[PDB]
file final-v2.cif (mmCIF, C-alpha atoms and all ligand atoms; chains and numbers go by the auth columns)
data_upload
loop_
_atom_site.group_PDB
_atom_site.id
_atom_site.type_symbol
_atom_site.label_atom_id
_atom_site.label_comp_id
_atom_site.label_asym_id
_atom_site.label_seq_id
_atom_site.Cartn_x
_atom_site.Cartn_y
_atom_site.Cartn_z
_atom_site.B_iso_or_equiv
_atom_site.auth_seq_id
_atom_site.auth_asym_id
ATOM 1 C CA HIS A 1 -49.315 99.808 40.573 0.00 1 A
ATOM 2 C CA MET A 2 -49.210 96.275 39.175 0.00 2 A
ATOM 3 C CA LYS A 3 -46.837 94.002 37.298 0.00 3 A
ATOM 4 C CA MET A 4 -47.149 91.003 34.997 0.00 4 A
ATOM 5 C CA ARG A 5 -46.390 87.687 36.724 0.00 5 A
ATOM 6 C CA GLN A 6 -46.986 85.272 33.811 0.00 6 A
ATOM 7 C CA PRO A 7 -45.509 85.218 31.267 0.00 7 A
ATOM 8 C CA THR A 8 -42.381 85.950 33.322 0.00 8 A
ATOM 9 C CA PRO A 9 -40.988 89.394 32.377 0.00 9 A
ATOM 10 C CA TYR A 10 -37.463 90.321 31.405 0.00 10 A
ATOM 11 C CA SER A 11 -35.296 91.429 34.335 0.00 11 A
ATOM 12 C CA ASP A 12 -37.996 90.688 36.910 0.00 12 A
ATOM 13 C CA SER A 13 -35.753 91.444 39.896 0.00 13 A
ATOM 14 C CA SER A 14 -35.419 95.122 38.839 0.00 14 A
ATOM 15 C CA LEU A 15 -38.971 95.495 37.468 0.00 15 A
ATOM 16 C CA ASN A 16 -41.192 97.633 39.711 0.00 16 A
ATOM 17 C CA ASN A 17 -44.952 98.340 39.769 0.00 17 A
ATOM 18 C CA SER A 18 -44.746 101.940 38.571 0.00 18 A
ATOM 19 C CA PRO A 19 -46.351 103.161 35.322 0.00 19 A
ATOM 20 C CA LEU A 20 -44.313 104.346 32.359 0.00 20 A
ATOM 21 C CA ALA A 21 -42.743 107.778 32.749 0.00 21 A
ATOM 22 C CA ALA A 22 -45.244 110.493 31.818 0.00 22 A
ATOM 23 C CA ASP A 23 -42.703 112.020 29.408 0.00 23 A
ATOM 24 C CA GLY A 24 -42.337 108.850 27.281 0.00 24 A
ATOM 25 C CA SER A 25 -38.664 108.468 28.176 0.00 25 A
ATOM 26 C CA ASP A 26 -38.874 104.823 29.298 0.00 26 A
ATOM 27 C CA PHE A 27 -41.315 103.543 26.648 0.00 27 A
ATOM 28 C CA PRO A 28 -41.211 100.716 25.678 0.00 28 A
ATOM 29 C CA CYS A 29 -40.957 98.147 28.500 0.00 29 A
ATOM 30 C CA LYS A 30 -39.631 100.494 31.268 0.00 30 A
ATOM 31 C CA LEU A 31 -36.201 101.158 29.758 0.00 31 A
ATOM 32 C CA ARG A 32 -33.461 101.114 32.404 0.00 32 A
ATOM 33 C CA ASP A 33 -30.087 99.486 33.125 0.00 33 A
ATOM 34 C CA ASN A 34 -30.100 95.800 32.100 0.00 34 A
ATOM 35 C CA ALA A 35 -33.797 95.823 31.208 0.00 35 A
ATOM 36 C CA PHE A 36 -33.835 92.800 28.893 0.00 36 A
ATOM 37 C CA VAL A 37 -32.337 89.819 30.767 0.00 37 A
ATOM 38 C CA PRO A 38 -34.463 86.730 29.982 0.00 38 A
ATOM 39 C CA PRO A 39 -35.828 84.615 32.833 0.00 39 A
ATOM 40 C CA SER A 40 -34.075 81.301 33.346 0.00 40 A
ATOM 41 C CA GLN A 41 -36.885 79.093 32.046 0.00 41 A
ATOM 42 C CA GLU A 42 -38.102 79.476 28.458 0.00 42 A
ATOM 43 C CA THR A 43 -41.750 80.521 28.078 0.00 43 A
ATOM 44 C CA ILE A 44 -43.081 78.341 25.241 0.00 44 A
ATOM 45 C CA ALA A 45 -46.429 79.136 23.604 0.00 45 A
ATOM 46 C CA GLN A 46 -47.773 76.696 21.013 0.00 46 A
ATOM 47 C CA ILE A 47 -49.978 78.165 18.288 0.00 47 A
ATOM 48 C CA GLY A 48 -53.548 77.731 19.498 0.00 48 A
ATOM 49 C CA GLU A 49 -52.597 76.992 23.128 0.00 49 A
ATOM 50 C CA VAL A 50 -54.437 78.936 25.832 0.00 50 A
ATOM 51 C CA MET A 51 -51.653 80.694 27.800 0.00 51 A
ATOM 52 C CA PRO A 52 -51.955 82.315 31.256 0.00 52 A
ATOM 53 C CA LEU A 53 -51.802 86.082 31.763 0.00 53 A
ATOM 54 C CA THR A 54 -51.534 86.843 35.485 0.00 54 A
ATOM 55 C CA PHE A 55 -50.520 89.779 37.677 0.00 55 A
ATOM 56 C CA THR A 56 -48.955 90.811 40.983 0.00 56 A
ATOM 57 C CA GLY A 57 -50.111 93.749 43.103 0.00 57 A
ATOM 58 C CA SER A 58 -53.153 95.174 44.869 0.00 58 A
ATOM 59 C CA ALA A 59 -53.334 98.732 43.430 0.00 59 A
ATOM 60 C CA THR A 60 -55.743 97.771 40.648 0.00 60 A
ATOM 61 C CA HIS A 61 -57.097 101.337 40.129 0.00 61 A
ATOM 62 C CA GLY A 62 -60.630 100.157 39.378 0.00 62 A
ATOM 63 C CA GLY A 63 -59.389 97.997 36.518 0.00 63 A
ATOM 64 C CA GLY A 64 -59.323 99.428 33.009 0.00 64 A
ATOM 65 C CA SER A 65 -58.291 98.007 29.630 0.00 65 A
ATOM 66 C CA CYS A 66 -55.252 96.060 28.420 0.00 66 A
ATOM 67 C CA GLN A 67 -53.561 94.754 25.294 0.00 67 A
ATOM 68 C CA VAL A 68 -51.261 91.802 24.616 0.00 68 A
ATOM 69 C CA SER A 69 -48.853 92.562 21.748 0.00 69 A
ATOM 70 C CA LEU A 70 -45.846 90.921 20.051 0.00 70 A
ATOM 71 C CA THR A 71 -42.683 92.245 18.394 0.00 71 A
ATOM 72 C CA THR A 72 -39.797 90.390 16.758 0.00 72 A
ATOM 73 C CA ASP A 73 -37.366 92.727 18.559 0.00 73 A
ATOM 74 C CA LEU A 74 -35.757 91.004 21.565 0.00 74 A
ATOM 75 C CA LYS A 75 -34.518 94.331 22.965 0.00 75 A
ATOM 76 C CA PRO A 76 -37.446 96.617 22.059 0.00 76 A
ATOM 77 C CA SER A 77 -37.035 100.330 21.422 0.00 77 A
ATOM 78 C CA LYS A 78 -39.199 103.216 20.270 0.00 78 A
ATOM 79 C CA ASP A 79 -38.758 101.950 16.688 0.00 79 A
ATOM 80 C CA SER A 80 -40.146 98.460 17.426 0.00 80 A
ATOM 81 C CA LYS A 81 -43.238 97.393 15.465 0.00 81 A
ATOM 82 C CA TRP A 82 -45.907 95.723 17.614 0.00 82 A
ATOM 83 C CA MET A 83 -48.742 93.356 16.621 0.00 83 A
ATOM 84 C CA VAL A 84 -51.799 93.267 18.908 0.00 84 A
ATOM 85 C CA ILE A 85 -53.048 89.717 19.478 0.00 85 A
ATOM 86 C CA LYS A 86 -55.642 90.466 22.207 0.00 86 A
ATOM 87 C CA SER A 87 -57.539 93.476 23.581 0.00 87 A
ATOM 88 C CA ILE A 88 -59.319 93.371 26.958 0.00 88 A
ATOM 89 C CA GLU A 89 -61.792 96.256 27.305 0.00 89 A
ATOM 90 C CA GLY A 90 -62.859 96.646 30.934 0.00 90 A
ATOM 91 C CA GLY A 91 -62.065 94.528 33.978 0.00 91 A
ATOM 92 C CA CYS A 92 -58.291 94.348 33.452 0.00 92 A
ATOM 93 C CA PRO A 93 -56.344 93.638 35.632 0.00 93 A
ATOM 94 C CA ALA A 94 -59.359 93.288 37.957 0.00 94 A
ATOM 95 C CA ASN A 95 -63.099 93.936 37.974 0.00 95 A
ATOM 96 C CA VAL A 96 -63.476 95.947 41.184 0.00 96 A
ATOM 97 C CA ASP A 97 -64.370 99.590 41.802 0.00 97 A
ATOM 98 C CA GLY A 98 -60.992 100.507 43.250 0.00 98 A
ATOM 99 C CA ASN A 99 -58.022 98.741 44.833 0.00 99 A
ATOM 100 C CA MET A 100 -57.725 95.262 46.359 0.00 100 A
ATOM 101 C CA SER A 101 -56.234 93.836 49.551 0.00 101 A
ATOM 102 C CA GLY A 102 -52.695 92.571 50.090 0.00 102 A
ATOM 103 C CA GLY A 103 -49.815 95.019 49.330 0.00 103 A
ATOM 104 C CA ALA A 104 -47.401 95.246 46.415 0.00 104 A
ATOM 105 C CA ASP A 105 -46.484 91.551 45.999 0.00 105 A
ATOM 106 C CA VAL A 106 -49.881 89.812 46.315 0.00 106 A
ATOM 107 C CA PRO A 107 -50.982 87.491 43.486 0.00 107 A
ATOM 108 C CA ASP A 108 -53.944 89.155 41.800 0.00 108 A
ATOM 109 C CA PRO A 109 -56.892 86.702 42.082 0.00 109 A
ATOM 110 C CA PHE A 110 -58.320 87.796 38.700 0.00 110 A
ATOM 111 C CA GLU A 111 -56.536 85.766 35.998 0.00 111 A
ATOM 112 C CA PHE A 112 -56.589 86.160 32.217 0.00 112 A
ATOM 113 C CA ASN A 113 -55.346 84.379 29.097 0.00 113 A
ATOM 114 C CA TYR A 114 -54.118 84.834 25.525 0.00 114 A
ATOM 115 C CA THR A 115 -53.686 82.547 22.499 0.00 115 A
ATOM 116 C CA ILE A 116 -51.071 82.887 19.759 0.00 116 A
ATOM 117 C CA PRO A 117 -53.203 83.046 16.574 0.00 117 A
ATOM 118 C CA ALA A 118 -52.565 81.203 13.327 0.00 118 A
ATOM 119 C CA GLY A 119 -51.053 84.218 11.537 0.00 119 A
ATOM 120 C CA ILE A 120 -47.998 84.432 13.836 0.00 120 A
ATOM 121 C CA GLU A 121 -44.967 82.478 12.592 0.00 121 A
ATOM 122 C CA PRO A 122 -43.031 80.210 14.986 0.00 122 A
ATOM 123 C CA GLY A 123 -40.006 82.036 16.352 0.00 123 A
ATOM 124 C CA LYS A 124 -38.819 84.222 19.203 0.00 124 A
ATOM 125 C CA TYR A 125 -40.723 87.368 20.219 0.00 125 A
ATOM 126 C CA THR A 126 -41.131 89.922 22.963 0.00 126 A
ATOM 127 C CA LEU A 127 -44.659 89.987 24.414 0.00 127 A
ATOM 128 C CA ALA A 128 -45.914 93.234 25.972 0.00 128 A
ATOM 129 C CA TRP A 129 -48.730 93.700 28.447 0.00 129 A
ATOM 130 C CA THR A 130 -50.064 97.266 28.380 0.00 130 A
ATOM 131 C CA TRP A 131 -52.655 98.688 30.793 0.00 131 A
ATOM 132 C CA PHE A 132 -54.662 101.931 30.963 0.00 132 A
ATOM 133 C CA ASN A 133 -55.906 102.329 34.542 0.00 133 A
ATOM 134 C CA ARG A 134 -59.534 103.333 35.072 0.00 134 A
ATOM 135 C CA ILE A 135 -59.182 105.427 38.273 0.00 135 A
ATOM 136 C CA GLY A 136 -56.434 107.871 39.231 0.00 136 A
ATOM 137 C CA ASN A 137 -53.875 109.828 37.255 0.00 137 A
ATOM 138 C CA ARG A 138 -53.863 109.186 33.496 0.00 138 A
ATOM 139 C CA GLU A 139 -51.110 106.567 33.168 0.00 139 A
ATOM 140 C CA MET A 140 -49.914 103.752 30.891 0.00 140 A
ATOM 141 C CA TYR A 141 -48.418 100.611 32.454 0.00 141 A
ATOM 142 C CA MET A 142 -46.226 98.239 30.429 0.00 142 A
ATOM 143 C CA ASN A 143 -44.152 95.098 31.056 0.00 143 A
ATOM 144 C CA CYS A 144 -42.358 92.928 28.521 0.00 144 A
ATOM 145 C CA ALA A 145 -41.459 89.210 28.406 0.00 145 A
ATOM 146 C CA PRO A 146 -39.561 86.943 25.996 0.00 146 A
ATOM 147 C CA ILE A 147 -41.653 84.112 24.513 0.00 147 A
ATOM 148 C CA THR A 148 -40.954 81.331 22.025 0.00 148 A
ATOM 149 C CA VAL A 149 -43.819 80.498 19.665 0.00 149 A
ATOM 150 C CA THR A 150 -43.830 76.881 18.428 0.00 150 A
ATOM 151 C CA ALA A 151 -45.980 75.109 15.841 0.00 151 A
ATOM 152 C CA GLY A 152 -47.775 72.622 18.103 0.00 152 A
ATOM 153 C CA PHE A 153 -52.650 92.743 13.227 0.00 153 A
ATOM 154 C CA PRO A 154 -53.264 96.247 14.633 0.00 154 A
ATOM 155 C CA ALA A 155 -50.470 98.371 16.014 0.00 155 A
ATOM 156 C CA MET A 156 -50.331 98.706 19.798 0.00 156 A
ATOM 157 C CA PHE A 157 -52.367 101.568 21.264 0.00 157 A
ATOM 158 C CA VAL A 158 -50.216 104.181 23.033 0.00 158 A
ATOM 159 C CA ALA A 159 -51.587 106.929 25.291 0.00 159 A
ATOM 160 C CA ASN A 160 -50.853 109.035 28.389 0.00 160 A
ATOM 161 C CA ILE A 161 -47.134 109.398 27.595 0.00 161 A
ATOM 162 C CA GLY A 162 -51.031 114.099 23.285 0.00 162 A
ATOM 163 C CA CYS A 163 -53.442 111.155 23.348 0.00 163 A
ATOM 164 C CA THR A 164 -54.866 111.284 26.903 0.00 164 A
ATOM 165 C CA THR A 165 -57.628 109.040 28.275 0.00 165 A
ATOM 166 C CA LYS A 166 -60.649 110.080 30.387 0.00 166 A
ATOM 167 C CA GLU A 167 -60.679 109.213 34.104 0.00 167 A
ATOM 168 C CA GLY A 168 -63.307 106.735 35.213 0.00 168 A
ATOM 169 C CA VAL A 169 -63.852 104.863 31.945 0.00 169 A
ATOM 170 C CA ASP A 170 -62.756 101.493 30.632 0.00 170 A
ATOM 171 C CA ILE A 171 -61.369 102.539 27.255 0.00 171 A
ATOM 172 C CA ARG A 172 -62.285 100.901 23.961 0.00 172 A
ATOM 173 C CA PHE A 173 -59.280 100.878 21.647 0.00 173 A
ATOM 174 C CA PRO A 174 -59.728 102.454 18.184 0.00 174 A
ATOM 175 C CA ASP A 175 -58.373 99.318 16.448 0.00 175 A
ATOM 176 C CA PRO A 176 -58.590 96.483 18.999 0.00 176 A
ATOM 177 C CA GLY A 177 -58.293 93.612 16.472 0.00 177 A
ATOM 178 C CA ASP A 178 -60.394 90.487 15.952 0.00 178 A
ATOM 179 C CA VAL A 179 -59.901 89.094 19.505 0.00 179 A
ATOM 180 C CA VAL A 180 -61.674 91.429 21.959 0.00 180 A
ATOM 181 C CA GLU A 181 -62.901 90.508 25.446 0.00 181 A
ATOM 182 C CA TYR A 182 -65.087 92.579 27.816 0.00 182 A
ATOM 183 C CA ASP A 183 -64.366 91.711 31.468 0.00 183 A
ATOM 184 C CA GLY A 184 -65.717 94.737 33.317 0.00 184 A
ATOM 185 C CA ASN A 185 -68.865 96.522 34.384 0.00 185 A
ATOM 186 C CA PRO A 186 -71.058 97.813 31.513 0.00 186 A
ATOM 187 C CA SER A 187 -71.580 101.132 33.319 0.00 187 A
ATOM 188 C CA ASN A 188 -67.850 101.968 33.061 0.00 188 A
ATOM 189 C CA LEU A 189 -67.308 101.069 29.403 0.00 189 A
ATOM 190 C CA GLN A 190 -66.427 104.061 27.201 0.00 190 A
ATOM 191 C CA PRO A 191 -69.677 105.442 25.650 0.00 191 A
ATOM 192 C CA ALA A 192 -60.504 106.844 23.473 0.00 192 A
ATOM 193 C CA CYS A 193 -58.542 110.099 23.256 0.00 193 A
HETATM 194 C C1 LIG B . -59.916 83.247 28.970 0.00 201 B
HETATM 195 O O1 LIG B . -60.361 84.263 29.892 0.00 201 B
HETATM 196 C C2 LIG B . -61.664 84.780 29.583 0.00 201 B
HETATM 197 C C3 LIG B . -61.929 85.907 30.557 0.00 201 B
HETATM 198 O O2 LIG B . -62.033 85.420 31.888 0.00 201 B
HETATM 199 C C4 LIG B . -62.695 83.655 29.660 0.00 201 B
HETATM 200 O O3 LIG B . -63.964 84.152 29.251 0.00 201 B
HETATM 201 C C5 LIG B . -62.298 82.495 28.756 0.00 201 B
HETATM 202 O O4 LIG B . -63.205 81.412 28.940 0.00 201 B
HETATM 203 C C6 LIG B . -60.861 82.047 29.040 0.00 201 B
HETATM 204 N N1 LIG B . -60.471 81.000 28.110 0.00 201 B
HETATM 205 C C7 LIG B . -60.178 79.746 28.478 0.00 201 B
HETATM 206 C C8 LIG B . -60.204 79.460 29.950 0.00 201 B
HETATM 207 O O5 LIG B . -59.888 78.882 27.656 0.00 201 B
HETATM 208 CU CU CU B . -50.734 102.617 40.761 0.00 202 B
#

call {"tool": "encode", "arguments": {"input": "final-v2.cif", "output": "structure tokens"}}
result
Amino acid sequence: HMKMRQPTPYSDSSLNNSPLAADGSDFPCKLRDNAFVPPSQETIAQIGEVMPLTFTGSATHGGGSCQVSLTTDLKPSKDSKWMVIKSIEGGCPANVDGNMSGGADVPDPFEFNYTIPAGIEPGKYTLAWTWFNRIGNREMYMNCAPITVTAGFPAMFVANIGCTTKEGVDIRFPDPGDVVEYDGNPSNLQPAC
């Protein structure tokens, strides 16, 4: 149970910590009433700029693995095409064995980053954070945010909503892309579905 804090998600006031529905019904982005209201301030990412990726919550489930992906759709649906720009294998959204202190609203002390690479054209996108928790039920977490790319790829991995991950491991994505980061404990890294 975690949510993305930066970049600021769509409709943050109605966005909870829960994973995607196990039946796939609310993929992508936790579909619900008024799910795609932009935050007030524009999130601007210059090509090549190191951008923050940060989280809220204490139920870190021993970490796991995450992707950062972009689509041109501003109200994503099941038909949206995603482009993975970063994979984090292990230690996302935290490198601890289990859960952390502080309740549902605590800023997660482990912080991350992403960079818009040269092959992404300036324009408006939706950015998705996806997360496959290491410990607990086999879930997929997902939050989405509007971003504007200014001047200054693999498809997104989907599982746990026939492709089912193994409890206890930090998964390694089949096609993680050319920007892959390992932030976890070597003993938990997958020797994906
Ligand atoms: C982005 O985060 C990774 C993982 O902590 C770190 O290794 C890297 O140095 C960071 N990049 C920066 C701060 O430019
Ligand atoms: Cu949880």

call {"tool": "closest_atom_pairs", "arguments": {"input": "final-v2.cif", "of": "segment 37-141 of chain A", "to": "segment 19-31 of chain A", "cutoff": "8 Å", "atoms": "all atoms listed in the file", "output": "tab-separated table"}}
result
residue	atom	partner	partner_atom	distance
A:76	CA	A:28	CA	6.6
A:77	CA	A:28	CA	6.0
A:78	CA	A:28	CA	6.3
A:128	CA	A:29	CA	7.4
A:139	CA	A:19	CA	6.2
A:140	CA	A:19	CA	5.7
A:141	CA	A:19	CA	4.4

call {"tool": "residues_near_ligand", "arguments": {"input": "final-v2.cif", "ligand": "ligand LIG 201 (chain B)", "cutoff": "9 Å", "atoms": "all atoms listed in the file", "output": "list in words"}}
result
residues 49, 50, 51, 52, 53, 88, 110, 111, 112, 113, 114, 115, 181, 182 and 183 of chain A

call {"tool": "resolve_selection", "arguments": {"input": "final-v2.cif", "expression": "the PyMOL selection byres (((not hetatm)) within 9 of (chain B and resi 202))", "output": "list in words"}}
result
residues 1, 2, 17, 18, 19, 58, 59, 60, 61, 133, 136, 137, 139 and 141 of chain A

call {"tool": "closest_residue", "arguments": {"input": "final-v2.cif", "among": "A:108, A:178, A:79, A:42", "to": "residue 124 of chain A", "atoms": "only C-alpha atoms"}}
result
A:42

call {"tool": "closest_residue", "arguments": {"input": "final-v2.cif", "among": "A:121, A:167, A:33, A:89", "to": "residue 180 of chain A", "atoms": "all atoms listed in the file"}}
result
A:89

call {"tool": "residues_near_point", "arguments": {"input": "final-v2.cif", "point": "(-44.4, 86.8, 39.2)", "cutoff": "7 Å", "atoms": "only C-alpha atoms", "output": "list in words"}}
result
residues 4, 5, 6, 8, 55 and 56 of chain A

call {"tool": "atom_distance", "arguments": {"input": "final-v2.cif", "atom1": "atom CA of residue 74 of chain A", "atom2": "atom CA of residue 117 of chain A"}}
result
19.8 Å

call {"tool": "build_atoms", "arguments": {"input": "final-v2.cif", "residues": "segment 160-174 of chain A", "atoms": "N, CA and C atoms", "output": "PDB file, in the coordinates of the input"}}
result
ATOM      1  N   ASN A 160     -51.225 108.538  27.063  1.00  0.00           N
ATOM      2  CA  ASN A 160     -50.853 109.035  28.389  1.00  0.00           C
ATOM      3  C   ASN A 160     -49.350 109.208  28.580  1.00  0.00           C
ATOM      4  N   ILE A 161     -48.574 109.188  27.502  1.00  0.00           N
ATOM      5  CA  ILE A 161     -47.134 109.398  27.595  1.00  0.00           C
ATOM      6  C   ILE A 161     -46.627 110.456  26.619  1.00  0.00           C
ATOM      7  N   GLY A 162     -49.788 113.343  23.334  1.00  0.00           N
ATOM      8  CA  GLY A 162     -51.031 114.099  23.285  1.00  0.00           C
ATOM      9  C   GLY A 162     -52.308 113.295  23.483  1.00  0.00           C
ATOM     10  N   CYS A 163     -52.280 112.011  23.134  1.00  0.00           N
ATOM     11  CA  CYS A 163     -53.442 111.155  23.348  1.00  0.00           C
ATOM     12  C   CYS A 163     -53.569 110.888  24.847  1.00  0.00           C
ATOM     13  N   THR A 164     -54.647 111.383  25.461  1.00  0.00           N
ATOM     14  CA  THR A 164     -54.866 111.284  26.903  1.00  0.00           C
ATOM     15  C   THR A 164     -56.257 110.720  27.158  1.00  0.00           C
ATOM     16  N   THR A 165     -56.350 109.699  28.016  1.00  0.00           N
ATOM     17  CA  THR A 165     -57.628 109.040  28.275  1.00  0.00           C
ATOM     18  C   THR A 165     -58.432 109.786  29.347  1.00  0.00           C
ATOM     19  N   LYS A 166     -59.725 109.452  29.440  1.00  0.00           N
ATOM     20  CA  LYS A 166     -60.649 110.080  30.387  1.00  0.00           C
ATOM     21  C   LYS A 166     -60.722 109.250  31.668  1.00  0.00           C
ATOM     22  N   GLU A 167     -60.571 109.912  32.824  1.00  0.00           N
ATOM     23  CA  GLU A 167     -60.679 109.213  34.104  1.00  0.00           C
ATOM     24  C   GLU A 167     -62.060 108.609  34.298  1.00  0.00           C
ATOM     25  N   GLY A 168     -62.080 107.396  34.845  1.00  0.00           N
ATOM     26  CA  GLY A 168     -63.307 106.735  35.213  1.00  0.00           C
ATOM     27  C   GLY A 168     -63.827 105.740  34.201  1.00  0.00           C
ATOM     28  N   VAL A 169     -63.303 105.733  32.978  1.00  0.00           N
ATOM     29  CA  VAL A 169     -63.852 104.863  31.945  1.00  0.00           C
ATOM     30  C   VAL A 169     -62.889 103.726  31.633  1.00  0.00           C
ATOM     31  N   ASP A 170     -63.480 102.590  31.267  1.00  0.00           N
ATOM     32  CA  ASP A 170     -62.756 101.493  30.632  1.00  0.00           C
ATOM     33  C   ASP A 170     -62.681 101.811  29.144  1.00  0.00           C
ATOM     34  N   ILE A 171     -61.473 102.073  28.633  1.00  0.00           N
ATOM     35  CA  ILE A 171     -61.369 102.539  27.255  1.00  0.00           C
ATOM     36  C   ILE A 171     -61.641 101.412  26.266  1.00  0.00           C
ATOM     37  N   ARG A 172     -62.158 101.794  25.102  1.00  0.00           N
ATOM     38  CA  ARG A 172     -62.285 100.901  23.961  1.00  0.00           C
ATOM     39  C   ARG A 172     -61.287 101.373  22.915  1.00  0.00           C
ATOM     40  N   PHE A 173     -60.363 100.490  22.540  1.00  0.00           N
ATOM     41  CA  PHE A 173     -59.280 100.878  21.647  1.00  0.00           C
ATOM     42  C   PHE A 173     -59.826 101.186  20.250  1.00  0.00           C
ATOM     43  N   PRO A 174     -59.234 102.156  19.543  1.00  0.00           N
ATOM     44  CA  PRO A 174     -59.728 102.454  18.184  1.00  0.00           C
ATOM     45  C   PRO A 174     -59.651 101.266  17.235  1.00  0.00           C
TER      46      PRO A 174
END
